[PDB]
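In this document, chain identifiers A, B, C, D, E, F, G, H and I correspond to the written order of the chains, with residue numbering beginning at 1 in each.
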Amino acid sequence: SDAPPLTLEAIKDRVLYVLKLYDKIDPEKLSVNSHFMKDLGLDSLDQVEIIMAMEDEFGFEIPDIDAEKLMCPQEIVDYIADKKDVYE
Amino acid sequence: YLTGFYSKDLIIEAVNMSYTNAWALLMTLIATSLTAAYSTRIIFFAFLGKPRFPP
Amino acid sequence: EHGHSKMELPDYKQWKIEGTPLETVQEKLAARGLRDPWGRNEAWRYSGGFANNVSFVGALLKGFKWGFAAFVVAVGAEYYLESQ
Amino acid sequence: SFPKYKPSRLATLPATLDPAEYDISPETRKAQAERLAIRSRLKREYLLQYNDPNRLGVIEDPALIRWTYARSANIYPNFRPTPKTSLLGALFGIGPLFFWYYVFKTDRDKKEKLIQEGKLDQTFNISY
Amino acid sequence: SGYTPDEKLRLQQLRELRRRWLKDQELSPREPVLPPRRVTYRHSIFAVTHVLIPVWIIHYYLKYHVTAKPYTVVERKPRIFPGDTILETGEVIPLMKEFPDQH
Amino acid sequence: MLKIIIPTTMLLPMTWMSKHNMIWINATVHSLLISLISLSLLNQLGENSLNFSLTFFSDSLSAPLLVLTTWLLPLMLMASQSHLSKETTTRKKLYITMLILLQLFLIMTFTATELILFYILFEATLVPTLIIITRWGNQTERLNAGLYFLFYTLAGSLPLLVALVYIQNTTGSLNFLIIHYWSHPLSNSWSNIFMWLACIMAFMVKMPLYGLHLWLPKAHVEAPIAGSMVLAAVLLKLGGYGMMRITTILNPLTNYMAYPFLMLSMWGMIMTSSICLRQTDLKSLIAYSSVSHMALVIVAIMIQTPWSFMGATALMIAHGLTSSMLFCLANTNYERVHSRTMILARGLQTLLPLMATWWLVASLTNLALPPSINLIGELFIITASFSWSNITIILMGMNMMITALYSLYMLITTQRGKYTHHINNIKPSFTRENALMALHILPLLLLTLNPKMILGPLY
Amino acid sequence: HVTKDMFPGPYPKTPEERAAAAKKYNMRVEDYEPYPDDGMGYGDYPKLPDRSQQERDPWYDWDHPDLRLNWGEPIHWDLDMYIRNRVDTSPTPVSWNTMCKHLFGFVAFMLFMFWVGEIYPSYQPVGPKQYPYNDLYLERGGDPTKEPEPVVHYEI
Amino acid sequence: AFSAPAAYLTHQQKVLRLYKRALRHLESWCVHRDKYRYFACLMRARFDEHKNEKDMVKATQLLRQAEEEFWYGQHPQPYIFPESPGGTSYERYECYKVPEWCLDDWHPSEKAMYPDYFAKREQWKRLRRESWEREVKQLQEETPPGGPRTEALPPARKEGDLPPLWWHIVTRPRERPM
Amino acid sequence: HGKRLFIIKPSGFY
């Protein structure tokens, strides 16, 4: 396998990397605690597209009932860490 | 002049010149054509295009 | 001994649609009046060493040149040795 | 227009193509609420019985015991002799026996007749 | 849509407890303790205790026990061609009749 | 033979005067010692028999069954050691007394040079079994099971007594040697047909034949562990042994009187093999498997060819050992689970690996895997039935496929998969259970080296 | 530790009896439908949909994840039939009838064309092979004391 | 898996799920990235043209022919992630997950190794022993009469309190225990 | 790397 033990800061960096390449949102305004519907004015379909992008980038797929209620990068990071059992 | 040649070429040659069923002849020929086709599919889809794996 | 070296992700501003076949997609979407928000996200698949691709026939003859040179050398050596 | 998906016994109708949940009425919503309510009640009971540190055994499941009792020990007391049951019993319990008896009797009669005529070529048939 | 405040708080507390439990799963340097107690060369010994000894045993078994009984080991008779000589008798098989040889 | 019967009798005073905390040790040790003594009987000769005296004789058909009977008792004691922990000393001694009486009756039955003595002990083997089933049984259906087991057997075996006394009145002797030497053909008459039915039905009910097997699932499910093993291993072989002993006087009537029973068995093997697939219980599944195997043995005996008899004896011994092992494993699972349901406990291989190995070996042996004696008997019967008629191969192959299917279903449902979450009393397996499984399985893999010891007199 | 009332009972004609049974099986009164009162001994047991057990929601947090079951819920009469290890009724991309039609057509066409090709075989423009010694009579079966009719071969 | 479900799915949830499934199957059909992006943008365009419809009867009339069209062109062999309920490695490691309570049956000789781990284990067990007594009362006083209506559990409200029914969620074995 | 974990397994001593 030789898979490195991905950590919380690595997950956050990857999440922000994926988000900053989504040109619908400006990289400067976004923050780890920024919202999606209100702080960035993104559509529901747009949020689904972000969720699918993180799905493709991380190699594991999020169930719909849990994907439809993720609205901040911080809670996305927390969900991924809980899925992958990350200590720190 | 490879390992598969010394067997498969003789198989096809012997099959072509025996008092056998004709439908089996046609089926074998189409089968070897499709063998080449799916080998091409494997190579093209797994070694040629742009990368598609996770980052 | 494992893979612990503190890998650093590249800068996000490096990836651009320029020089990739994503221009055709962007242009045909703009002709009908839309844009692809995720265009840059996959630019890395066409940017680095992955930029150059090899055709199927060229892939098949992976070592044709070296093999042909060795074959010519061997044939010439056999010709000049057997003629004795 | 697209060709329609016709469901069968071994390929059921998908939930998305089903029309029951598109004709929504308040009583349907009430029914779904009651279903979720009883399911959550059962789940809460199970979780209360499941996380107890004092419990050191197997959580008895009334549904499993009821299913086993219905499958095994409740068949005869609810059985009644009816034309359908009687016909099915007679067929499935008698027909195969007589079918196989007829087949084997015919085969052995043919073999014995060939033996009597002597035209069987039983050479090397030492072990029997 | 989205998380309710109760859901957020419960998930946060569960995450904290889960991370504590996972961190507690780590093993310290002295955590694994084993009580000790006892009562070319590699290939050289390997070929002796794994190859040579089975050859010896099987050769003995075949030569002096299996071949003792009749017909246990039966060998296909070697092919005889025109021109060869037989060890047991010494006679020479006559050659062919000189078939016409062109090309 | 008395060198075997006398120590078995002395086991009773030995047990009854033992200390309160040492009955199991003494019983196990002396039962094992008795088994060693019984090993001497196995050296049969190609001639008639080992005619010990006017009352007991031993053949190469009786020797394997006798050795298995003497070997089973220590295993029964080790199996019963578990659930009798909270039992008073007197009741434990009574249990051991019942087991010893059962062994003594079986030992006296299997030799029994005279047919009336054979019948007397053959019915005497019914009282200790009924007491064991109806007394030390857990479920409330043990009473109905005991009634079924008693009456199904007795109704079939009562006409046998009349047939035997009639034969003695006409023939003049019931000694098996005289019966074999002075045998005369049975004419085709209604009276002779009913004599055939009376002499056969008593053994066919106990085997059991398909259609009269209703008592077996009840008796096997409701009985304690020791009763289950003694039913599946030895008590089922009484019918087949009696049938192979008594078919010597029913010729040539059998040549056409075997058709109903042959058809019933060759279809009931398929029916019970299919039944095993859809089962919510483990002990019931094993009981139906035993019914299928005994139906195959019935077919073999009714064919009446040397290969049939050899395969029948081999299958008898192999099925006895395999069914005893399977019942042992099911009991070990039930003791921890306390439910006796196949799908309630799952994924036990992750928690108990060695018991998973024992499960795999038992299932493979039940699956009739070569070169085990299970497949030896199976294949001999298959070849004999093929000689009887070329169409039997269809039924036999269908039975083989279904047998493999339900054996691997039993293995997979209980061993593979994800463990059940709400069970946290699966303690590590004791040394007693592992030793029990090892002592069950090792004799099978040892007998596969010397098949001639279990191939019967027609070897 | 289960009372007599909990156990399955005979099919009940009356609504009050029906209501009691539906409550016993932990399901809604109008969601409960017993098997028809035929000779077969189903009695008072709900006729759950024949929907399989592989296609239950795979993301729900079941009490038994492998079987996809919840503790206490009514159990299908044929659960051992549908355990994801056996027959499953998952909807398929192509309709069942068209699947059967296509498969049967392909197999029947293949068999018919194999028979047709057997009727019209394929060979080469050659005569039968010739073997020297009376068609190798001695090497095939033997019988040397019979002096078979000698077959001679035509040089061409 | 984590979140408790609702009694029903709203129209918005159905539309979002259909959108996700359609995009996934379109990606499966269009192997390459540029083609996938082009046709995904086209599908988004054809998906948002009825975004602002007001009446619900016509919206429910839609999303039915949409589902039929999806079922007709669903790529009968879609792409499934390896850990998904259809993937190649769905339950690969489910045979390595040994429950925590098994450690209570270890022999003392086996427990002699790893002493610190077992000390922390006893601490966790004591914590659970007190927390359960608090949680049962908290849940009893918090639930409405007549039984719970949804399977959502409340968080901890006091200071020393812990979330009800936490032991078997916190002590999951691992994602890849071995 | 010092990231050794504890492997929960049943008692293999017996």
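Keep this in mind: contacts are C-beta pairs under 8 Å (C-beta built on N, C-alpha and C of every residue); 3 or more make two chains touch, one makes a residue touch a chain.
By chain, with names taken from UniProt: C = NADH dehydrogenase [ubiquinone] 1 beta subcomplex subunit 3; D = NADH dehydrogenase [ubiquinone] 1 beta subcomplex subunit 4; E = NADH dehydrogenase [ubiquinone] 1 beta subcomplex subunit 6; F = NADH-ubiquinone oxidoreductase chain 4; H = NADH dehydrogenase [ubiquinone] 1 beta subcomplex subunit 9.
Contacts with subunit B and subunit F are shared by G, H. In terms of C-beta pairs in contact, B-C outnumbers the other of B-C and G-H. Distance between subunit F and subunit I, defined via averaged C-alpha coordinates, is recorded as 45 Å. With each centre defined as the average position of its C-alpha atoms, the distance from subunit B to subunit G rounds to 32 Å. In subunit E, the positions touching at least two other chains are 1, 11, 18, 25, 27, 31-32. Each of residues 1-3, 5, 12, 33, 44, 71, 91, 94, 98-99, 102, 105, 114, 117, 166, 168 in subunit H touches at least two other chains. Among the residues of subunit I, those in touch with two or more other chains are 3, 6, 10-14. Of all residues in subunit C, those touching subunit H in their complex are 21-22, 24-25, 28-29, 32, 34-36, 38-39, 42, 45. Subunit G makes touch with subunit D in their complex at residues 1-2, 6-8, 10-11, 25-28, 30-31, 38-45, 50-52, 55, 63, 70-75, 77, 79, 87, 89-92, 95-97. Interface residues of subunit H, counted against subunit D in their complex, comprise 5-8, 18, 60, 64, 67-72, 125, 128-129, 132, 136, 139, 143, 147-151, 165-168. Those residues of subunit D that touch subunit G in the complex are listed here as 5-14, 31, 34-35, 38-39, 42-43, 45-46, 59-67, 69-71, 74-82, 84-86.
Within the complex formed with subunit H, the residues of subunit F that make contact are 347, 349-351, 416, 418-419, 421, 424, 427-428.
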